[PDB]
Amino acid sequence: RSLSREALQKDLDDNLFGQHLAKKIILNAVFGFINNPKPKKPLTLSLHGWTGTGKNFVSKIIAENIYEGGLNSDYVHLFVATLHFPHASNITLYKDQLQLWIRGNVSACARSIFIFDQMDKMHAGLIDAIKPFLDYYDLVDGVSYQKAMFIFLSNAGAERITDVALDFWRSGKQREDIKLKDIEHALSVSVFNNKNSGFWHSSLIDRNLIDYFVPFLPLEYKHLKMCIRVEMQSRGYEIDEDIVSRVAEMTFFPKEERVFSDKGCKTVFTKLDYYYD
């Protein structure tokens, strides 16, 4: 109901595992924007990286810290491209509804939050349709979007981010030594090349429409164990560390190092039913 830096920091620290870069970027971006009564541009975040490693999870933490109900708040709107925008040829129908929905909800609530999940599966033309709402305009058809928040979730860049985490692991460095500039350099060929910089450029000034690119790293065995313990408690089970270790034996990659789980924390909790009635 009332965002405080301390509460958001505690929620991220207590609950989001193995994402040191994302924690820090989100804490400072979200707190700065919501605490600013006069923002000049809607806060636009792009969360990108490995499947199953916390992008919807941390979207919920953000929403919960701003609004009672979290994703079930009346003022938080989730679009899932693969569910709501599945067929490329229906882009006009999606676009017309999406423009009406965004404009009507910001008209009613300046501090609306819109989350676009699976944006890497969303028609480029449908993304083009929301670009005016992301920009530095004071008014867009008579409505200000400067207090709104846009959160994009995607897998784009996941393999290149993993290449960095692998390099650091092979070199004997700490995961937490990875810096955003390491990620940016690995992605300079793809997510951050000129065509994509072009695509996301402001139409008003010499700036990107995406304020923060928030990378998500692949997870290690120790991270899976942390998550399994939380799920056991939430189900009311007595934790059994032998079952934690066995459930966390997923399929890992590369073939040599076997350091990261193929699917992050997804398809893990299914295995609890093999051990608990």
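Residue indices: 1-based, along the sequence shown.
**Q** Is the mean CA B factor in the deposited entry higher across 122-130 or across 80-88?
**A** Per the PDB entry, the higher value belongs to 122-130.
**Q** Going by the average Cα B-factor in the PDB entry, point out whether 191-199 or 176-184 comes out higher.
**A** That would be 191-199.
**Q** Kindly indicate the residue among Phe116, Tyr75, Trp169, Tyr145 with the greatest C-alpha B-factor in the PDB record.
**A** Comparing C-alpha B-factors across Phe116, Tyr75, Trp169, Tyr145, the top value belongs to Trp169.
**Q** Maximum C-alpha temperature factor per the entry, among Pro215, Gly69, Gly52, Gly236, belongs to which one?
**A** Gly236 has the highest C-alpha B-factor of those listed.
**Q** C-alpha B factor of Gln9, ranked within the chain: lowest, middle or highest third?
**A** For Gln9, the deposited C-alpha B-factor lands in the highest third.
**Q** Of the three thirds of its chain by CA temperature factor, lowest, middle or highest, which one includes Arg229?
**A** It falls in the bottom third of the chain.
**Q** Taking the chain's C-alpha temperature factors as the reference, tell me which third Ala158 falls into: lowest, middle or highest.
**A** Ranked within chain, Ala158 CA B lands in the middle tercile.
**Q** Relative to the other modelled residues in the chain, which third contains the C-alpha temperature factor of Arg207: lowest, middle or highest?
**A** Ranked within chain, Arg207 CA B lands in the highest tercile.
**Q** Is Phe57 in the lowest, middle or highest third of its chain when residues are ranked by C-alpha B-factor?
**A** As the PDB entry reports it, the C-alpha B-factor of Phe57 lands in the lowest third of its chain.
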